[PDB]
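Have a look at the structure below before the remarks.
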Amino acid sequence: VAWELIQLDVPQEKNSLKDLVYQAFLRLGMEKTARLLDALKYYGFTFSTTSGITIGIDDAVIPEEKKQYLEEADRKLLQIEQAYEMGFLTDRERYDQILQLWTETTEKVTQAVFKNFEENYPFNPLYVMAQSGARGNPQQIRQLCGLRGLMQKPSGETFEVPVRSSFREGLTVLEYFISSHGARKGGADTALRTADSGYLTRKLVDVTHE
Amino acid sequence: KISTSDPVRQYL
Amino acid sequence: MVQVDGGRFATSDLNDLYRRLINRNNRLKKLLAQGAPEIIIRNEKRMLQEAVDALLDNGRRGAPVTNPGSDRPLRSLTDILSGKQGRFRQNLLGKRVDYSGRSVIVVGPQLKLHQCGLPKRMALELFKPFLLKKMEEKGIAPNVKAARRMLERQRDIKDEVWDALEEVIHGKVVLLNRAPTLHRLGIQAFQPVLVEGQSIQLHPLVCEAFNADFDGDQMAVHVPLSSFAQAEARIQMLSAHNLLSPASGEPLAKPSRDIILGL
Amino acid sequence: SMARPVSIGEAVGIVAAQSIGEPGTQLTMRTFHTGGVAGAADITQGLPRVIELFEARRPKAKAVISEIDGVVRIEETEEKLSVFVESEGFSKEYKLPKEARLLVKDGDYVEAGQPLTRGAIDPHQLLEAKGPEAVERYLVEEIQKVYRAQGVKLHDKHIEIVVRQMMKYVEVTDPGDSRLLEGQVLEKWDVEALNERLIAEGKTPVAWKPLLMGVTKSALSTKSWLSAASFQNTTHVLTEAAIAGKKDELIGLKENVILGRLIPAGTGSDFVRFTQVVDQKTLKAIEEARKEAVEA
Amino acid sequence: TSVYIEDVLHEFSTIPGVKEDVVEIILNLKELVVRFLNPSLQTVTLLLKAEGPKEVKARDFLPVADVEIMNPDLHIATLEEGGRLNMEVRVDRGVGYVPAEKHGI
Amino acid sequence: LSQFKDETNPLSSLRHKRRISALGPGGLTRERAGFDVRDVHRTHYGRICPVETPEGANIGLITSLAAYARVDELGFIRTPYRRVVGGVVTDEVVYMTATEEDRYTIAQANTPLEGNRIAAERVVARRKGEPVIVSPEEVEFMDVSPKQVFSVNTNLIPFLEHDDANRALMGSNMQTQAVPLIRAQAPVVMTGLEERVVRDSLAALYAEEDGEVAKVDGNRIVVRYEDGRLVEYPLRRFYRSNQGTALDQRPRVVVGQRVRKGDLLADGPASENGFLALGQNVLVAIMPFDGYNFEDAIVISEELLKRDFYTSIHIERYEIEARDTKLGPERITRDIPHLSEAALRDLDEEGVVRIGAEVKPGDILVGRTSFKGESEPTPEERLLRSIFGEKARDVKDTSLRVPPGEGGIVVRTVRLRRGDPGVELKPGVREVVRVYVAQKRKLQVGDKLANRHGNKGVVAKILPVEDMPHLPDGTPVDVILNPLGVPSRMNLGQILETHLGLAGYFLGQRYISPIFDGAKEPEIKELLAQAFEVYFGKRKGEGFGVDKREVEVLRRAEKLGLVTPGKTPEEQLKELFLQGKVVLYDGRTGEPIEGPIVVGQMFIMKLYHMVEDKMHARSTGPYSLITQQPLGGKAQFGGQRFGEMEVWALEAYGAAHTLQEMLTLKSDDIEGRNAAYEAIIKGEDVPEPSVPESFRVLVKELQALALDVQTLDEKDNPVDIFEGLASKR
Amino acid sequence: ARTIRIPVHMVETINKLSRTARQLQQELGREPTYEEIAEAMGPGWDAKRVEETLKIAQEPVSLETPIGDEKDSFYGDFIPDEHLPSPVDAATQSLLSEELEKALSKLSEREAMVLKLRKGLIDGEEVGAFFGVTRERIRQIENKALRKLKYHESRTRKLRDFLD
Amino acid sequence: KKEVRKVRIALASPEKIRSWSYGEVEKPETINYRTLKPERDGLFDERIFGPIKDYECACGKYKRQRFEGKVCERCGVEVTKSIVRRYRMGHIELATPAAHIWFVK
Amino acid sequence: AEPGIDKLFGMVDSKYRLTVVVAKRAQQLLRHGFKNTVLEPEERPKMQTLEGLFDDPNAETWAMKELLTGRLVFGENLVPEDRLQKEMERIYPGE
Ligand SMILES: CC(=O)O[C@@H]1[C@H](N)[C@@H](OP(=O)(O)O)[C@@]2(C(=O)O)CS[C@@](O)(C(N)=O)[C@@H]1O2
Ligand SMILES: [Mg+2]
Ligand SMILES: [Mg+2]
Ligand SMILES: [Zn+2]
């Protein structure tokens with residue numbers, strides 16, 4: 001019954017596990033489940049220690065294609081400029097065209113880094129965590145190995161220039177200040193939802209308690 | 001409305 | 001009407017309003033009896049009226065003030081029931097539990113979902129009366145009042161006492177709470193396993209139910225006094241019994257961060 | 001929390017109210033009645049919406065629904081466009097200003113309350129047009145649209161529980177006991193009508209009209225004044241509750257909590273509040289008491 | 001395992017003519033390594049008294065018959081002028097780590 | 001606006017002195033308008049840190065200023081910007097107003113500079129809040145420095161460059177919470193301001209002019225300047241900081257020493273050698289242990305306690321007054337009316353406690369005697385006294401005691417009696433008695449430590465040096481940090497610190513990696529390269545080579561892709577070392593930890609424990625006068641709040657009684673709680689709740705207004721809440 | 001005018017006190033210690049008198065006043081309560097009365113109840129304590145029963161742990 | 001004894017106002033300093049609202065529990081603790097009526 | 001988790017009922033004397049400072065331990081409300 005509800009055909013993600021738990025709950029019974037839970041807890045903990053997964057700096061691997069994609073998109077920006085220097089593209093057109101360049105370029109390096117890890121280092125420390133239901137956001141990874149690219153202005157109009165850097169290398173002084181703007185807005189949203197989170201629940205219990 | 005004024009006016 | 005400091009006295013604002021009414025009411029009677037010039041009788045009756053409003057509800061028509069110090073609406077009975085935060089109003093913000101506790105939490109890796117590590121020092125105060133009696137059932141103390149003084153100072157506890165508490169907590173369980181109690185799993189019951197120190201050992205799997213990291217988040221702890229409250233608490237409120245979330249038929253005892261990475 | 005059927009006495013009301021209040025912390029929060037007056041800002045995302053949805057409200061970019069189910073016809077003139085819906089019976093003119101991007105085309109059918117404009121819909125209108133069954137179904141799915149979009153996967157059940165309560169009240173147009181213009185609890189009318197046509201004769205049909213009030217109002221006005229004294233105006237709620245000599249039958253957890261009384265939901269279930277236990281030794285003991293009943 | 005400066009009452013005091021504070025000294029003592037030769041020596045009290053413009057090292061402790069100090073040149077304190085330091089430092093034979101709170105000598 | 005100086009440690013106070021707030025006069029900016037102000041506006045450049053602000057509702061509003069930021073004539077944070085005429089950059093600087101900054105084309109400091117010459121055609125600049133790739137011929141003005149961009153408090157972070165602005169905030173606020181350890185060490189890697197921090201703050205004592213030293217007391221350094229003068233420099237031996245952290249000035253200069261003008265004579269509370277030092281550099285393995293480091297928990301090696309490493313001294317100031325009651329003055333005497341002399345020992349001085357006495361919770365810090373009743377004696381208490389000793393001092397024991405939690409050893413005491421020197425004794429106040437107590441705080445499981453980057457966490461387990469991760473040569477690791485806390489958060493700077501640290505360990509050297517100009521990945525690999533020879537060179541000569549274990553982890557390391565297959569283990573390990581990670585053996589098993597693990601010198605500080613930290617556990621205690629819910633204060637802890645969000649949690653569960661209990665027996669049921677205790681006392685199952693006072697208070701409040709609230713029966717008939725006190729007469 | 005009534009004499013008294021403090025504020029630059037006030041006032045004025053008078057002069061405070069940071073703080077949740085027996089005391093009276101009640105029964109009623117009732121039932125009179133039997137039998141049984149009662153209670157130590 | 005199953009707000013009859021009440025507070029006499037006791041008939045009077053002490057009366061004619069349900073011959077005090085002092089109610093008799101602002105506004 | 005909680009859940013029509021039963025059984029277990037049990041002999045309740053759980057540690061841990069067996073009977077209206085407490089006092093000593 002243990003084999004019937006398990007998939008040994010793959011690395012155990014949090015989802016495979018999540019599923020394992022559920023199955024085990026319906027199939028074998030509540031307490032019997034609790035046991036499997038601590039069983040997993042115990043070995044996971046152990047094997048984790050021994051595995052020797054560790055954050056290092058060289059572990060965050062930057063793709064060799066980062067330079068390419070950047071440069072290719074770099075010259076492409078030059079065209080957009082030549083095309084504006086002439087009078088073809090309206091003030092706006094230029095802008096929305098540039099952003100489009102990066103938004104695509106940025107997502108390009110992201111599938112690049114992963115492809116890098118996927119093919120070359122299946123066992124990178126920084127990667128397994130994200131693949132495993134463990135820890136890591138694809139967008140997050142991008143900011144260390146690929147690059148965090150577009151930060152918005154105070155109001156909401158995204159900046160014209162991207163943040164060329166990654167966290168592995170020195171996010172410079174202003175690419176920083178530039179990025180700083182979007183930061184406040186975010187933290188600002190978190191403090192407001194902490195309470196709004198109560199706001200919403202309040203209303204619902206007022207009508208729904210009975 | 002407001003009390004003082006009314007009595008003042010009242011006896012005044 | 002209370003003695004404060006040096007001789008300060010504190011009184012529910014309602015009393016200054018009451019005096020308002022009574023004085024006016026009386027002055028009225030005396031003004032009727034003395035003889036009665038119309039303007040003055042009404043004038044008073046007006047004041048009287050207003051006054052009767054004041055105790056009931058202040059601010060619906062003008063706002064009464066204690067003399068120059070605080071231009072504050074003396075809380076009217078209305079303000080009492082309603083208020084910025086008044087009667088039925090704060091009746092729901094919360095009240096303070098008598099058998100409660102609160103400390104910093106820390107991961108209890110070996111701990112089983114079933115249990116939780118509770119500081120004995122904390123356990124002592126929390127289960128004080130349950131201990132007292134237990135002391136008397138053993139030779140440690142002759143009686144309650146004895147058992148009490150026996151524990152009034154920290155240096156006077158015989159190691160025999162711990163063995164008593166450790167025996168009192170045998171199969172009882174407590175409730176642990178987190179900062180924003182968002183869902184019912186925001187409070188779960190565990191069996192206490194008394195331990196040394198200040199920190200509260202929590203299980204890793206339930207760290208997902210309560211949104212609790214270990215950078216200092218402090219969890220409170222409550223105690224089920226009735227045999228009933230205890231029955232419900234360990235039967236249908238114990239952590240190991242509520243594994244699947246009420247939101248989604250998806251488990252909430254999922255192997256969190258480290259366990260996956262390991263597995 | 002367990003995977004078997006639901007167990008009688010579970011505080012579902014709240015269990016629900018919570019499952020929807022937590023994820024809410026993850027939804028965006030720009031402005032409640034979302035967007036900003038500028039050119040053409042058409043929808044409302046994040047929490048701002050989930051507020052616009054539980055509380056039945058007029059979205060900024062409203063979408064004119066089709067009160068009539070029939071066929072489509074469009075016109076060309078400069079200033080304002082226009083979509084006409086008609087059946088062999090009748091046609092209805094619909095004013096669609098410049099900003100309105102139309103979803104429908106010259107040619108096919110449009111069910112009652114279907115989208116004729118692109119964007120949000122007003123529950124009230126959808127209520128009137130396609131029915132409660134439609135508002136209800138619109139609210140639920142419209143709400144989940146946000147959460148799904150944000151990762152949260154919460155069972156529809158909960159939202160339903162809530163929405164239902166937004167429609168536990170209806171309007172009156174054909175009286176019997178209390179005058180017509182009154183908004184009262186749907187099932188309470190199914191109570192009147194039920195006994196007025198079945199047990200006591202004289203069919204005095206109590207004609208009503210499905211009403212859709214926002215979660216806030218739904219609660220703001222309920223049977224128990226206690227519950228009402230808690231939030232809106234303690235001052236008014238009571239005044240009325242008083243004059244009328246209201247008997248707050250305690251059901252519901254808010255009201256019965258102020259009393260410090262056992263909760264109506266949970267173990268406080270009238271279903272199990274009374275249950276006794278026995279040992280076969282005490283079972284024969286009581287029968288012996290019965291046996292003793294034989295006189296002489 | 002224990003120390004007694006004669007004019008000092010609590011551990012957080014500072015002695016005149018003595019650069020180091022009680023806490024730094026009791027700390028340097030922990031650095032002191034002694035060696036007795038037989039079981040008969042369970043608890044040995046080492047004694048030392050030095051005055052004036054001298055540097056107090058561990059070799060300055062009066063010798064004890066069956067006890068040897070492997071840490072002579074260790075630095076206990078720096079005495080200026082009118083520097084009066086007379087202490088009695090206990091020494092024991094035990095195992096592991098024992099917080100000063102645990103034994104309370 | 002004016003507040004308690006926050007001097008947990010010098011740097012802290014320094015910040016609290018320069019911080020800028022929104023809220024205030026009421027005229028400027030109140031609590032309502034926020035989101036446009038709270039955000040980091042464009043002009044906040046060099047004028048205000050974009051990181052330094054407080055996490056929490058009050059965010060962005062309150063914030064300390066930047067590095068070079070200076071208020072010129074009228075409060076306009078001008079930021080410095082050096083002039084660049086043509087393709088020439090100047091060493092001249094203009095403190096420009098926010099407004100004027102926009103009229104020019106400004107460029108960043110990162111621009112390749114030959115001196116006065118800009119070096120690249122397409123080099124970045126930013127017109128007005130807009131990033132713009134400008135030409136060297138348009139570059140009118142350039143940024144002054146990377147440092148001017150942020151605050152002092154932030155400038156102290158090693159590789160700020162690699163850490164997400166979000167968690168670097170945590171790092172900057174964490175330092176403000178650093179507590180002075182008796183053993184203060186500077187980071188193995190610093191930014192460059194540690195010196196200036198301690199110097200500009202007033203921690204260490206610096207030498208005015210050149211001379212020689214005369215006397216070097218533990219209480220004074222009388223130096224002799226060459227001018228023919230000598231001055232005595234007292235040293236705040238052990239002073240109480242507002243938040244209870246020790247402030248001691250330990251002398252670092254020996255007798256008869258020629259001092260340079262402005263050199264450390266003594267070190268401040270937290271300085272090692274004129275450098276800022278909070279917490280201590282500790283070797284650290286960065287791997288997962290059992291669960292001891294699960295979400296954000298830290299495993300620590302007992303070995304760190306053996307050495308007085310994380311240990312800090314604390315002082316709390318207990319105070320009691322002898323009040324004048326109309327019943328009779330409250331006397332402060334050694335006399336404690338009812339039971340023993342054993343408790344009177346440390347009460348040596350008649351009344352006050354003896355300096356240097358170890359006071360545990362529940363010992364008399366000071367005695368005092370007030371009178372028994374309000375106005376009348378006691379009929380029942382009259383008989384008892386008479387029975388065993390009528391002649392009994394009727395005076396009450398109202399004596400300052402050691403509050404639960406802890407006390408140390410009394411180090412100072414103050415008593416102000418009748419004939420006041422030049423003091424202000426409040427009215428009614430006969431006399432005051434202060435008691436300063438100090439206590440050594442050794443690191444323990446409840447404590448929380450955190451590096452400058454933001455990795456915050458608590459100790460979950462103190463392991464025996466016996467079995468924690470040990471290196472090939474017997475040196476064990478002090479602290480084992482979980483990796484999982486690194487990806488989500490984005491601060492590789494810590495992982496960059498640990499690497500440089502590894503080299504500093506074997507190379508026995510500390511470094512200074514500036515804010516964004518500092519150390520570079522190749523330079524570090526270069527020092528690690530040097531370290532491999534100190535690590536493994538000695539290993540060669542000392543006599544041995546490589547383990548079965550060492551080779552074994554290599555096998556698994558090449559199958560991984562860390563080492564170039566085919567090279568010699570010696571050569572491979574170098575590679576593997578350069579990567580910042582080395583082989584580690586379990587310690588418990590002695591086997592290796594499959595896969596190289598990184599390790600190294602990471603600076604880590606310990607954070608101050610707030611009064612809340614004192615875990616509050618309450619059995620029974622006081623109760624509010626108007627509201628009858630549990631209240632604490634002095635010695636009784638006070639109950640925890642059971643809020644709505646928590647009610648529902650129970651509501652949701654079938655927790656019926658457990659919730660009634662929380663609303664009756666535990667907080668408001670007056671008659672309930674009483675019979676409750678008693679019941680427990682006799683081992684009787686707690687009684688079934690009586691009506692809560694909340695309810696009764698309501699009904700009457702409601703009766704206070706015309707309304708009549710009457711409870712009812714099965715059949716609509718009365719029932720009674722107010723047990724028997726409402727029927728008349 | 002006041003919450004706590006004050007006769008006309010106290011009033012003018014307070015006015016005079018006030019007026020005096022005014023003339024005293026005139027030159028010292030020092031808000032008079034209650035020494036000046038006594039002097040300047042007149043015949044029988046002393047420190048104790050002035051400190052007392054100004055103590056009654058202060059009007060009460062609003063048990064309900066905006067407290068701490070003025071947000072939502074009502075001055076009354078912080079004051080504790082005294083009559084009410086905190087659990088600790090309810091437990092006291094239980095054992096105390098159950099144990100006192102056990103002793104009271106195992107003794108001869110004659111002089112034990114006399115002193116039990118005279119001391120514990122009405123008010124605190126050796127002679128007036130016993131019915132017909134004079135003082136000699138009072139002191140006789142009082143001191144002989146009280147000691148037999150205390151010395152066996154010394155044996156089975158129940159009372160020694162001073163319930164107070 | 002019976003479970004409270006339904007609560008009901010209803011208007012106050014002037015006769016019910018008096019039914020709940022005890023005595024009439026006829027004078028603005030809070031408490032008079034010299035003796036922190038209730039002044040005359042005023043707001044705090046003991047007849048009107050009750051005894052201010054555990055089981056004892058004000059003067060003390062009866063002082064324990066045996067007679068818990070009776071009142072004092074010369075002065076009026078029926079006792080259980082001071083809770084009766086906090087649950088009882090008195091009423092003021094208005095000269096010429098006035099109205100509840102809760103209903104008028 | 002706890003012993004056969006599933007088995008228990010199954011023996012009741014409603015989850016919240018099982019809690020009521022156990023709790024009301026634990027009550028009587030203590031009140032009428034703690035020996036009011038149905039399964040004491042061979043394999044019974046046990047704690048380890050000695051094997052002394054046999055006397056009075058946790059009430060309901062017993063109740064559950066008994067209910068798990070098929071000796072008890074819980075109904076909606078099984079035995080008349082006041083005649084029960086009488087018959088129980090009569091047969092179980094220990095006070
Ligand atoms: C998607 C993912 O990888 O999960 C993260 C982690 N559960 C955790 O991250 P931390 O800040 O502790 O580093 C966090 C939490 O504490 O609840 C806060 S951030 C988070 O909202 C996000 N979307 O990145 C999300 O929740
Ligand atoms: Mg946290
Ligand atoms: Mg976290
Ligand atoms: Zn009397």
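Both backbone and side-chain heavy atoms feed into the values below; hydrogens, waters and symmetry mates do not. Protein chains get the first letters and strands the later ones, always in sequence-line order, with residue 1 at the start of each.
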Sidechain N-carboxylate O distance under 4.0 Å for [X], [Y]:
X: H/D45; Y: H/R40; answer: no
X: G/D164; Y: F/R385; answer: yes
X: G/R49; Y: G/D46; answer: no
X: F/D363; Y: C/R153; answer: yes
X: F/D346; Y: F/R354; answer: yes
X: F/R317; Y: F/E319; answer: yes
X: F/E431; Y: F/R368; answer: no

One pair to check against salt bridge (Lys or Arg N to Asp or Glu O under 4.0 Å): F/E374 and F/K326. What are the steps and the verdict? CA-CA 9 Å; F/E374 282 268 330; F/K326 332 304 176 184; over 6 Å; no
Should the heavy atoms of other residues, nucleotides or ligands under 6.0 Å from [atom1] of [X] be counted, would the total exceed 12?
X: H/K27; atom1: NZ; value: yes
X: C/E152; atom1: CD; value: yes
X: F/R412; atom1: CZ; value: no
X: F/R382; atom1: CZ; value: no
X: G/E27; atom1: CD; value: no
X: G/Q23; atom1: CD; value: no

Exam field: side chain [X] to backbone [Y], donor-acceptor pair closer than 3.5 Å:
X: H/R34; Y: H/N32; result: yes
X: G/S73; Y: G/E70; result: no
X: F/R30; Y: F/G27; result: yes
X: F/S624; Y: F/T627; result: yes
X: G/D69; Y: G/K71; result: no
X: G/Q58; Y: G/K55; result: yes
X: F/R430; Y: F/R331; result: no
X: F/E330; Y: F/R323; result: yes
X: C/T11; Y: C/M1; result: no
X: F/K396; Y: F/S370; result: no

Criterion side-chain contact (heavy atoms from CB on, under 4.5 Å) on H/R86 and F/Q628, from CA distance to verdict: CA-CA 12 Å; H/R86 73 148 63 188; F/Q628 293 311 83; 3.5 Å; yes
I would like to know whether F/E358 and F/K360 meet salt bridge (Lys or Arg N to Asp or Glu O under 4.0 Å); could you show each step before the answer? CA-CA 7 Å; F/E358 164 191 285; F/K360 223 53 186 170; over 6 Å; no
Please assess C/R19 against C/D16 for the test salt bridge (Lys or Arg N to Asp or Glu O under 4.0 Å), listing each intermediate value before the final yes or no. CA-CA 5 Å; C/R19 253 203 312 117; C/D16 253 24; 3.2 Å; yes
Relative to the ring of E/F12, is the ring of F/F238 parallel (under 30°), tilted (30 to 60°) or perpendicular (over 60°)? perpendicular
Apply salt bridge (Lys or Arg N to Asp or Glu O under 4.0 Å) to residues H/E29 and G/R5 and explain how you reach the verdict. CA-CA 7 Å; H/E29 279 291 33; G/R5 204 89 157 63; 3.4 Å; yes
Go through the side-chain N and O atoms of [X] and [Y] and say whether any donor and acceptor fall under 3.5 Å apart.
X: F/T8; Y: F/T245; result: no
X: F/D6; Y: F/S12; result: yes
X: C/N15; Y: C/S12; result: no
X: F/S13; Y: F/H16; result: no

Think F/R240 forms a cation-pi with F/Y436, using NZ or CZ under 6.0 Å from the six-ring centre and within 45 degrees of its axis? yes
Any side-chain heavy-atom pair of G/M41 and G/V50 under 4.5 Å: no
If the test is salt bridge (charged side-chain N to carboxylate O under 4.0 Å, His left out), which one of F/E341, F/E350, F/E349 qualifies with F/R334? F/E341
For a side chain to side chain donor-acceptor pair (under 3.5 Å) check, start with the C-alpha distance between F/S241 and F/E7, then their side-chain angles and the critical distance, and finish with the verdict. CA-CA 6 Å; F/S241 67; F/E7 319 212 61; over 6 Å; no
Verify side-chain contact (heavy atoms from CB on, under 4.5 Å) between F/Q629 and F/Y623, making sure each step is shown before the conclusion. CA-CA 5 Å; F/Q629 30 213 186; F/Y623 285 91; 5.9 Å; no
Take C/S76 and C/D79 through the side chain to side chain donor-acceptor pair (under 3.5 Å) test and state the conclusion after the steps. CA-CA 5 Å; C/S76 80; C/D79 291 68; 2.5 Å; yes
